[PDB]
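Visitor: Let me give you the structure first, and then I'll get to my questions.
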Amino acid sequence: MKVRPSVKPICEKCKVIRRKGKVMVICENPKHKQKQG
Amino acid sequence: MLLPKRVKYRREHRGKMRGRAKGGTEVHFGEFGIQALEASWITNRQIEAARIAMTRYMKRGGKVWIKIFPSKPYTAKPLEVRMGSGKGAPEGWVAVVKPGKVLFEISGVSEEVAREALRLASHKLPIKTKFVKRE
Amino acid sequence: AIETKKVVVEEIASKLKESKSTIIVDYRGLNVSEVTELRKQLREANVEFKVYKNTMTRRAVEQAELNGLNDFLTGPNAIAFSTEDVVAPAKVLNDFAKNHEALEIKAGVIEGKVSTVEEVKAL
Amino acid sequence: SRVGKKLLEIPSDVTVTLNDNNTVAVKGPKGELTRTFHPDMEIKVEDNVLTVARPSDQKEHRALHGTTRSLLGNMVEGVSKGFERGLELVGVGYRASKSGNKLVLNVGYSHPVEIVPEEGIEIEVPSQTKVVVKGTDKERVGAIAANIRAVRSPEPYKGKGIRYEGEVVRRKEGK
Amino acid sequence: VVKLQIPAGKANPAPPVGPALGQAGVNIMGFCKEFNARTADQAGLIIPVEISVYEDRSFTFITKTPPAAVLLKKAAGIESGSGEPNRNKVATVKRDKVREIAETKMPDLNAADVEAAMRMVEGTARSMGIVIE
RNA sequence: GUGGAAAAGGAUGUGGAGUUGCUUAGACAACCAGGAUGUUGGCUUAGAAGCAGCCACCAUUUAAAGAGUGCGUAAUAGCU
RNA sequence: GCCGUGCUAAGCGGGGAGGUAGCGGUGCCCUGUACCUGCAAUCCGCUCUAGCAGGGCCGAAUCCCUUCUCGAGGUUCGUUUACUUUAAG
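Chains 4, j, p, d and q are the protein sequences, given in the same order.
Numbering-wise, the first sequence is residues 1 to 37 according to the authors' numbering.
Numbering-wise, the second sequence is residues 1 to 135 according to the authors' numbering.
Numbering-wise, the third sequence is residues 4 to 126 according to the authors' numbering.
Numbering-wise, the fourth sequence is residues 2 to 176 according to the authors' numbering.
Numbering-wise, the fifth sequence is residues 8 to 140 according to the authors' numbering.
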């Protein structure tokens, strides 16, 4: 995870999922997994 | 590092800002411009940092077209002194910016790279900001 | 969208002077099969046969309504179109029959294509 | 581009019934599955024809209208044929075998790991490494498969432990 | 099926090819005599050989024409061509030599015609900047 | 639990008003097929052939193959 | 070619958990009776596989290849002792 209040897709394989009140991202590369707040 | 080489009076009032800019309401000299929406002070270091951001990302261009120059000096007292006993020393220079002011102009660079350069440099200024193109 | 109309009307101009045609199904497009088929039709005959594959119902009915209203069976799926102006095929059709039956994929066991009148057993 | 208003059909010999307003019970050749929904949905059963009907088309009504047809269709082929998840295990000494009505694992641990199926969902060992779970409901089969994987999740450096049939795992080089 | 660009210099030892010949299931030394007999017809060149194993465990070896721009280095007089594209142009090759090079690969290529073949050699020669006269 | 405390910034949250290409001569997705040849692009690695880069931006029948976006010790695989 | 005069060099250990479809090496066992300093393992010389600088070699091959060996280790089985740790009875 990367808990950062700025979440944007690093690579083009990332897609954003609006989950539980915190807009996460999910990608095949686990380094690109982050969630705000 | 933008410096007026001579000023009449090196200390002057802080001034008040209200209302839109008198001039510079439209991008006229380049083809893509950037606009202020909120009025505040912008310093030498902020102008210089934005110019380094634009020039170093674009690595090419006709020219950079800075559209504002800081003339107002602002003063500071030395640290931890009892307040009073005369106005402090001049510390730096400030360009006063009202809303509807084009800050930077760009000519000769294409669409998305101009958009990326102006976003990358508008992130380095304290004021809310909008892109604009020339009619 | 009118470029579709230009390619339609030039294919109508082709098929009006076209005398003969041969059923080829555009599935199972393996490279060695299609290169050997194209090289052997280069050996057999001229280059007049086409590689055009688009078989939507706006194309086949528009080709059929001027001439040859038997394209309802060739409406679905994908059928390449071959145009033959020079020499009446017979040994060429037997060549197509033999290289379809002795492996090297099938043709649907002769779907048939209306040269002037042909539905069954193009040989 | 719509999955909600498409038509689904009972393939053969699978009985369906509506005993309460939004509780549907389906008995196929394998067994019986019964589920309950909120009453805003509407289901009608013609002979080998099932139709779904929503009162209004809005943000979450569209979601529930799509997912109820997907759910009912998925459970009717599940009660038709059953469903399979296979699990491989990669390792030079890793073993998994069948003990009665239970499944025993020994992968790395001093104690063996016991899995006790209770819901009539079968686990079989065709080989020492390959194991299969076969069941009626996709939710329960996936839950049991995830429960087996959580005993040892696969590790990135050497491909080891429990994994699914054909999925890819990340390869990290250790020096 | 596997491909091996066997030169006429040496086909015997293990450091050049090794397991590529070893893992095919055919004896390596048992066909080196046939490889040398096929190579001596075109000796002084690098012949590609395709080794194919059928379902009946039968091994077939097919030799082909050498790759393009092999004789272009000999026509230039320099073994290694110019690695900088299209501004260092030393090899000035006549169209008669271009036609001969195309004619040597009339059977091997899948190009339509001699015009397609000279387009092929233009597309190859434009990478290292070889002048075609 | 906004109401009932607060910013630069981030987002397929949502309600309104517009603009713009495809829009049944069948779109976006889904599934089934196609993925080659010169050519293993050079030349330092006798290893690189997409696995670093001086580097082109060809032609074949293709409206499909770009000298290439991807498991891969370095090519060779169900693969995109 | 009997041999003699001024001079040499290929070369002066390998195998078996090893590393690149790559040899040498700073564990381990061996015959050693075959030389010394440095670089070289979350590594270096380096590619007909020779580890890289010099010298101690009469000096050319009995030391470059061929039954010329079993043996000093890497092994699906060891039901043939027996010990030791967790448990179906």
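All C-beta atoms, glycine included, are put in the ideal place defined by N, C-alpha and C.
1) Using the rule of at least 16 other Cβ atoms within 10 Å of the residue's Cβ for burial, across every protein chain shown, is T60 (chain p) buried or exposed?
2) Which partner residues of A97 (chain d) appear in the DSSP bridge assignment?
3) Quick one: give me the first and last residue of the alpha helix (DSSP H) that residue 138 (chain j) is part of.
4) Which residue or residues does DSSP assign as beta-bridge partners of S40 (chain j)?
5) Tell me which same chain residues have a C-beta within less than 8 Å of the C-beta of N93 (chain q), skipping the five on either side of it?
6) Does the structure place the stretch 47-62 of chain d close enough to the stretch 101-109 of chain d that three or more beta carbon pairs sit under 8 Å?
7) Between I108 (chain q) and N49 (chain p), what straight-line distance do the alpha-carbon atoms span, to the nearest angstrom?
8) Check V64 (chain p) in the structure and name its three-state DSSP category.
9) Who are the Cβ neighbours of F84 (chain p) in its own chain at under 6 Å, not counting the five residues just before and after it?
10) Could you give the distance in angstroms between the alpha-carbon of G33 (chain j) and the alpha-carbon of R18 (chain 4)?
11) Do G29 (chain d) and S81 (chain d) come within 8 Å of each other at the CB atom, strictly closer than that value?
12) How is the beta strand (DSSP E) around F42 (chain q) delimited, first residue to last?
13) May I ask you to report which of helix, strand or coil DSSP gives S22 (chain p)?
14) Could you tell me if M76 (chain d) is buried or exposed, where buried requires 16 or more neighbouring beta carbons within 10 angstroms of its beta carbon?
15) Quick one: is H66 (chain d) buried, meaning 16 or more other Cβ sit within 10 Å of its Cβ, or exposed?
16) Let me make sure I understand the geometry here. Which of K101 (chain q), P114 (chain q) and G32 (chain q) has the alpha-carbon closest to that of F66 (chain q)?
17) Mapping the DSSP letters down to three states, classify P30 (chain 4) as helix, strand or coil.
18) Sorted by chain position, which residues of the same chain lie with C-beta nearer than 7 Å to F69 (chain j)'s C-beta, five sequence neighbours on each side aside?
19) Within 8 Å, do at least three Cβ pairs link the stretch 115-122 of chain j to the stretch 83-101 of chain j?
20) Let me know the alpha helix (DSSP H) ranges lying completely inside the stretch 36-86 of chain j, each 4 residues or longer, listed in chain order.
21) Distance check for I53 (chain q) and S87 (chain q), CA to CA, integer angstroms please.
22) Does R3 (chain d) pass the burial test, meaning 16 or more other C-beta atoms within 10 Å, or should it be called exposed?
23) Going by Cα to Cα distance, which pick from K8 (chain j), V113 (chain j) and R51 (chain j) is closest to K124 (chain j)?
24) Inspect the beta-carbon positions of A39 (chain j) and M17 (chain j) and report whether they are closer than 8 Å.
25) What is the C-beta distance between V134 (chain d) and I145 (chain d), in whole angstroms, given that I count them as a contact (C-beta under 8 Å)?
26) Pick helix, strand or coil for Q12 (chain q), following the three-state DSSP scheme.
27) Let me know the secondary structure DSSP gives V117 (chain p) once reduced to three states.
28) Is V56 (chain q) closer than 8 Å to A98 (chain q) when the C-beta atoms are compared?
29) I think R70 (chain d) touches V53 (chain d), with their Cβ atoms under 8 Å apart; what is that distance to the nearest whole Å?
30) Run through the DSSP bridge pairs and tell me what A83 (chain p) is partnered with.
31) For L90 (chain d), does the count of other Cβ atoms within 10 angstroms reach 16, so buried, or fall short, so exposed?
32) Tell me, to the nearest whole angstrom, how far the beta carbon of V100 (chain q) is from that of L79 (chain q); I am working on the premise that it is less than 8 Å.
33) Any idea if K8 (chain j) is buried or exposed, counting beta-carbon neighbours within 10 angstroms, 16 or more meaning buried?
34) From what residue to what residue does the beta strand (DSSP E) around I145 (chain d) run?
35) Is the separation between the beta-carbon of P157 (chain d) and that of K176 (chain d) shorter than 8 Å?
36) Measuring alpha carbon to alpha carbon, tell me which residue in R45 (chain j), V109 (chain j) and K77 (chain j) is nearest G88 (chain j).
Guide: To lay it out plainly:
1) Here the question's residue 60 (chain p) lines up with position 57 in the third sequence. By the 10 Å Cβ count, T60 (chain p) comes out exposed.
2) As a first step, residue 97 (chain d) is located in the fourth sequence; it is residue number 96 there, counting from the start. For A97 (chain d), DSSP records a beta bridge to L106 (chain d).
3) Residue numbering for chain j in the displayed model covers 1 to 135; residue 138 (chain j) lies beyond these limits and cannot be assessed.
4) Here residue 40 (chain j) refers to the residue found at position 40 of the second sequence. DSSP lists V97 (chain j) as the bridge partner or partners of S40 (chain j).
5) In the fifth sequence, counting from the first residue as 1, residue 93 (chain q) sits at position 86. So the qualifying residues of the chain are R133 and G136.
6) Short answer: they don't touch.
7) Here residue 108 (chain q) refers to the residue found at position 101 when the fifth sequence is read from its first residue. Here residue 49 (chain p) refers to the residue found at position 46 when the third sequence is read from its first residue. CA-CA distance, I108 (chain q) to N49 (chain p), rounds to 27 Å.
8) Counted from its first residue, the third sequence places residue 64 (chain p) at position 61. Residue state for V64 (chain p) is assigned as helix, using DSSP reduced to three classes.
9) Start at 1 with the first residue of the third sequence, and residue 84 (chain p) comes out as number 81. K53 and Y55, listed in sequence order.
10) In the second sequence, counting from the first residue as 1, residue 33 (chain j) sits at position 33. In the first sequence, counting from the first residue as 1, residue 18 (chain 4) sits at position 18. If you take the alpha carbons of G33 (chain j) and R18 (chain 4), they lie about 35 Å apart.
11) Indexing the fourth sequence from 1 puts residue 81 (chain d) at position 80. Indexing the fourth sequence from 1 puts residue 29 (chain d) at position 28. The criterion of a C-beta distance shorter than 8 Å is satisfied by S81 (chain d) and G29 (chain d).
12) Within the fifth sequence, numbered from 1, the residue matching residue 42 (chain q) stands at position 35. Taken as a continuous stretch (DSSP letters only), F42 (chain q) belongs to no beta strand (DSSP E), being part of the alpha helix (DSSP H) at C39 to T46.
13) In the third sequence, the residue the question calls residue 22 (chain p) occupies position 19. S22 (chain p) sits in coil when the DSSP states are folded into three classes, being neither helix nor strand.
14) Along the fourth sequence, read from residue 1 onward, the residue named residue 76 (chain d) stands at position 75. Per the 10 Å Cβ criterion, buried.
15) Translated into the one-based positions of the fourth sequence, residue 66 (chain d) becomes position 65. Taking every protein chain shown into account, the CB of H66 (chain d) has 16 or more other CB atoms within 10 angstroms, so this residue is buried.
16) By one-based count along the fifth sequence, residue 66 (chain q) stands at place 59. For the residues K101 (chain q), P114 (chain q) and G32 (chain q), the minimum Cα distance to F66 (chain q) belongs to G32 (chain q).
17) Position 30 of the first sequence, counting from 1, holds the residue named residue 30 (chain 4). In the structure shown, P30 (chain 4) sits in a helix (DSSP, three-state: H, G or I).
18) Numbered from its first residue, the second sequence carries residue 69 (chain j) at position 69. So the list reads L2 and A95, once near-sequence residues are dropped.
19) Taking a cut-off of 8 Å on C-beta distances, the stretch 83-101 of chain j does not touch the stretch 115-122 of chain j, as fewer than three cross pairs fall below it.
20) Qualifying alpha helix (DSSP H) stretches, in chain order: 44-58.
21) Residue mapping note: residue 87 (chain q) aligns to position 80 of the fifth sequence, counting from 1. Residue mapping note: residue 53 (chain q) aligns to position 46 of the fifth sequence, counting from 1. Distance between the alpha carbons of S87 (chain q) and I53 (chain q) is about 16 Å.
22) Stepping through the fourth sequence from its first residue, residue 3 (chain d) is reached at position 2. With fewer than 16 other Cβ atoms within 10 Å, it is exposed.
23) Sequence index remark: in the second sequence, residue 124 (chain j) carries index 124 (1-based). In this structure, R51 (chain j) is the residue among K8 (chain j), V113 (chain j) and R51 (chain j) with its C-alpha nearest to the C-alpha of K124 (chain j).
24) On the second sequence, residue 39 (chain j) is found 39 positions in, with the first residue counted as 1. On the second sequence, residue 17 (chain j) is found 17 positions in, with the first residue counted as 1. Pairing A39 (chain j) with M17 (chain j) gives a Cβ-Cβ distance under 8 Å.
25) Walking along the fourth sequence from the start, residue 134 (chain d) turns up at place 133. Walking along the fourth sequence from the start, residue 145 (chain d) turns up at place 144. The Cβ separation is near 5 Å, so the contact holds.
26) Residue numbering aside, residue 12 (chain q) sits at position 5 when the fifth sequence is read from its first letter. Three-state DSSP puts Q12 (chain q) in a strand.
27) In the third sequence, counting from the first residue as 1, residue 117 (chain p) sits at position 114. In this structure, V117 (chain p) counts as coil in the three-state DSSP scheme.
28) By one-based count along the fifth sequence, residue 98 (chain q) stands at place 91. By one-based count along the fifth sequence, residue 56 (chain q) stands at place 49. Cβ atoms of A98 (chain q) and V56 (chain q): not closer than 8 Å.
29) Numbered from its first residue, the fourth sequence carries residue 70 (chain d) at position 69. Numbered from its first residue, the fourth sequence carries residue 53 (chain d) at position 52. Between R70 (chain d) and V53 (chain d) the beta-carbon gap is near 5 Å, inside 8 Å, which marks them as a contact.
30) Position 80 of the third sequence, counted from the first residue, corresponds to residue 83 (chain p). In the DSSP output, where bridge partners are listed per residue, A83 (chain p) has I27 (chain p).
31) Here the question's residue 90 (chain d) lines up with position 89 in the fourth sequence. Classification of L90 (chain d): buried, given that the 10 Å Cβ count is 16 or more.
32) Working through the fifth sequence from its first residue, we reach residue 100 (chain q) at position 93. Working through the fifth sequence from its first residue, we reach residue 79 (chain q) at position 72. The Cβ separation is near 6 Å, so the contact holds.
33) As a first step, residue 8 (chain j) is located in the second sequence; it is residue number 8 there, counting from the start. Around the CB of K8 (chain j), fewer than 16 other CB atoms lie within 10 Å, so the residue is classed as exposed.
34) As a first step, residue 145 (chain d) is located in the fourth sequence; it is residue number 144 there, counting from the start. Here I145 (chain d) belongs to no beta strand (DSSP E); instead the alpha helix (DSSP H) covers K139 to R150.
35) In the fourth sequence, counting from the first residue as 1, residue 157 (chain d) sits at position 156. In the fourth sequence, counting from the first residue as 1, residue 176 (chain d) sits at position 175. Between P157 (chain d) and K176 (chain d), the C-beta spacing is not below 8 Å.
36) One-based indexing of the second sequence puts residue 88 (chain j) at position 88. When the alpha-carbon of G88 (chain j) is set against those of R45 (chain j), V109 (chain j) and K77 (chain j), the nearest one is in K77 (chain j).
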